[PDB]
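Below you will find one chain, with nothing else, as structure tokens; this is the form deposited in one PDB entry, and questions on how it binds or moves follow later.
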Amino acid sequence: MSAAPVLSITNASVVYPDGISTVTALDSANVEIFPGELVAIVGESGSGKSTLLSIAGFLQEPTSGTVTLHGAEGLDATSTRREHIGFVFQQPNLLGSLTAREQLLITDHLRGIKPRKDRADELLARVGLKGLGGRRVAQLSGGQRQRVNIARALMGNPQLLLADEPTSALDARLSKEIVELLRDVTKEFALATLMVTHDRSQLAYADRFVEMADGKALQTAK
């Protein structure tokens, strides 16, 4: 019983122009993730965590090396995101004119299909906002905003879920709730979840880690 990977990043590197010189934002990173895993990318600030996440999310192309989402072969990056990836951004990134439920429904819209209101409400209930489908963004607390962000990432039934330090603006109790929710939907929906964090109080909710140091990645079980 050895599942195929959902995401394979082999010797990927991101080199940026840094003024007149260059900076190697990411150096031959190799990660691989399978359904139902929460892999935490850890490491001091400036070691390439968010860069690994952005190439894993097809937001950036690597300058050398490969990022493969098995089941998206033949798609360009935007469509790969639109059809297979969910984005739990660090900022909740909710659209002000839309209601909470509409934050979920619009991802159905841009995916080409008639928005499914019942699924939207079920997913808002699932992340702990049962019945708040009509709340405007100004009425949601930062915790609730983040929960909406997660439900939005679930709306399209993605195979890959990328969480970029989604508890950075939350206290201890809300951070624990949010990381528990992330692990719980990772296991329930069999997502492959890449989660960037700097708080060690969170590593207990991971199955394994990628230690980052100076753009170098090492896959660790402890």
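Start at 1 and count along the sequence shown; that's the residue number.
The form deposited in another entry is left out here; the points below concern that form.
- Task: Could you name the item of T22, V31, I85, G143 at the hinge, where fit switches from one rigid part to the other between this form and the one not shown?
- Result: Hinge located at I85.
- Message: Closer or farther: the C-alpha atoms of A172 and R126 in the other entry, versus the form shown, with a change of 3 angstroms or more?
- Response: Closer is correct, given that in the other entry the C-alpha spacing of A172 to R126 is reduced by at least 3 Å.
- Query: in the other entry, do the Cα atoms of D184 and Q139 sit closer or farther apart than here, given a shift of 3 Å or more?
  - Reply: Farther apart, by at least 3 Å.
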